[PDB]
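A single chain comes next, written as structure tokens; it is the form deposited in one PDB entry.
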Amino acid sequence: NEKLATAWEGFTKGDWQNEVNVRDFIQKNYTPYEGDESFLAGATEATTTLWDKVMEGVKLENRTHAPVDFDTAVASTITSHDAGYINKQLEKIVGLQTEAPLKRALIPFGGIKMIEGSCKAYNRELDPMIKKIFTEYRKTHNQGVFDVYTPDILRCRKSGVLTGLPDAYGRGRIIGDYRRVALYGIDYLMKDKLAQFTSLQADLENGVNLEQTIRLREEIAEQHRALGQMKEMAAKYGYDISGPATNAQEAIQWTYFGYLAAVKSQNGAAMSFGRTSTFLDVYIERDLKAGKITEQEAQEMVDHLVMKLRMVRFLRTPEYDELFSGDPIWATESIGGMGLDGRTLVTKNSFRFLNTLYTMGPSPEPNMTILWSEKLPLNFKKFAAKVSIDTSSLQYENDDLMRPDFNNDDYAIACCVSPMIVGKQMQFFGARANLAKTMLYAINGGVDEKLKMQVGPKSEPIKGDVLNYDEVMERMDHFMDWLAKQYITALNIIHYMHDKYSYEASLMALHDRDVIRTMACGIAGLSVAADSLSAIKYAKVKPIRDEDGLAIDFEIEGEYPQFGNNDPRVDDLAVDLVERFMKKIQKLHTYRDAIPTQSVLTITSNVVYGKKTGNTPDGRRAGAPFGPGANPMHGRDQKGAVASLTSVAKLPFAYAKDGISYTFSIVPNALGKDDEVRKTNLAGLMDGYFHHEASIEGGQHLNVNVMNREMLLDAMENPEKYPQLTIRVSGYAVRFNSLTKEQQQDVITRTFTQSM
């Protein structure tokens, strides 16, 4: 075609010009960058003007810990709202979820109850019509799930053994390749989908997997229809995106537009952006070299785009707020990484993105993630580290581990640590299960230690004055079998219903015809679990039973090894647990045959599950929060950074393919006297942690907080002083002021590494 020729003028040819292959395009067009940050430009006046205006609303949010405003009588769709601006005269990249900045929408297909809850919470009246429609006419995801749930599953939800699963909010964990829009334009993609639709006809007529193929055909039709609405959406903003982006400003706008449709139609917990910085660099480079845009203009565009990612909002309930604290979005962007061909995927745009942290200050969103490799340009390693030291707003994932695992250099990170090959893979989100309570149950014969009711399988509680490790471990193993069963069953119900009542058409429309699905199960409280085993194994744990023989407390005699001090005695146990559970869920059948995977991730579930869990063998008191993700319990890792890093890296990514989250907080001085020593040290630390070999797997993820516990205490009292203070808390970042007093409590009481 000649339209494609004009737009792609200058680009190197390859398969990507005949089929949808974004990876290929990037491969033979991107310009690797090994230079430094000296070329970076600063914020333009419009950028600052716009951002400041927005910050006014962000202050209001943190202050009231409630949305700035939200819809009350409009059901959100890709085309439901009119164009919305901060200031149309200033914006270089446009597009808002609703007609106003930060005004949250109503995404009813997930369930009308959560919306009523939100309304009641923020003192607002849900429009009666909207309510009638989504209770009587359009059945929601929520309704379908609770119509099929078992009383067992409900008991678990209530007791805090299996709580917070995606049965009352968008499942998320899906990243459409929004780059496809910039590259090919809507029309081309629709024609491609039409072909995909037709490719299924044969199987249909021949009765081949009749029901599976009918479902897919309908899904594909919905995708095709979503694509067309994308155009209509863009059109409201005065844009025609039927053809491909012809320059940088459009590539960016076209890509964002793809994502915008997604966040206008689905309210998934995590609505990640993907791996786009390098892709977009191809269009920026071209415009720079042709002298069509300056460098400051390039940065301004990235700023306005990243600014919009800072404005993504979703109406949530209070229950949701404690499960996922900080008003998180997980507009995750995977930056850098190395190609399979040895070259670095780092580009000038890699820098421009991190630089938004300077042009517009620190921000928890987008959740910028560095795909780290020991072979990255040192120039970049240092800068990333500096930015971490400067803002504590970045996270790192082991690219030397994942790139070779997928044997693909175009995978991105969904939410926190869940990898997927862009446009070819997704996850069936499963939140996380309370592994700690599972142990207590094993000890108390399935009776919940707080509610004193039978939750797990009725069995005989462990007896004796002192706990025997082998016995406790066998009972626990049995209860894990039970946990796996309940957990997978719940997810099967959930994803069958989500596919039925809230299929993410606009996002799936930006994937291939056949998408790989994994059934991601999460494990919460891994450390309290492992330490508790250690206490029983390497010490004398004496259970204190109540009138009914229920173990409501434990007496410990003789110290024992704890997770995070690189002591194989505990560390081996944690690694064992990870293995055990993974091997168990692995046997169970799943919906759409999603391949079961595991992740040691918790988000704020460490606080919620901890709140609902009584005294444990490790010594943790009742109601105390577990450690975030795979972190050692608060303060138990006291042998320096390298010690704890080594422990967490011991955890097998081979049994936790959905990710292993580790939040690492270190005091400035522990990294050096000056920033030059700090950069080099931090980068060196990560090189060691992420070090990968055929013998040593290495760490998978790493949040990096560089600050003093004091600064936070100050922030707690002087909120208005650090409006943009950002911190990593569990695999994502949040503005410290967006947290609740109890959630801040969890933070300040966490481990602040003092040495190496």
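Under this definition, the rigid core comprises the largest set of C-alpha atoms superposing within 1.5 Å between the forms. In case it trips you up, residue 1 is the first one in the sequence shown, and so on.
In what follows, reference is made to the form deposited in another entry, a form of this protein that is not presented.
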If I align on the rigid core, exactly one of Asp327, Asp71, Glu300, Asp409 should have its C-alpha move by 2 Å or more between this form and the one not shown; which residue is that? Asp327
Once everything's superposed on the core, is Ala520 shifted 2 Å or more at the Cα between this form and the one not shown? no
Please determine whether the C-alpha atom of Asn444 is displaced by 2 Å or more between this form and the one not shown following superposition on the rigid core. no
Using a superposition on the rigid core, decide whether the Cα position of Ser502 changes by 2 angstroms or more between this form and the one not shown. no
Relative to the shown structure, Cα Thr602 and Cα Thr597 in the other entry (3 Å or more change) are closer
Comparison of CA distance in the other entry with shown form for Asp327, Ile174, at least 3 Å: closer
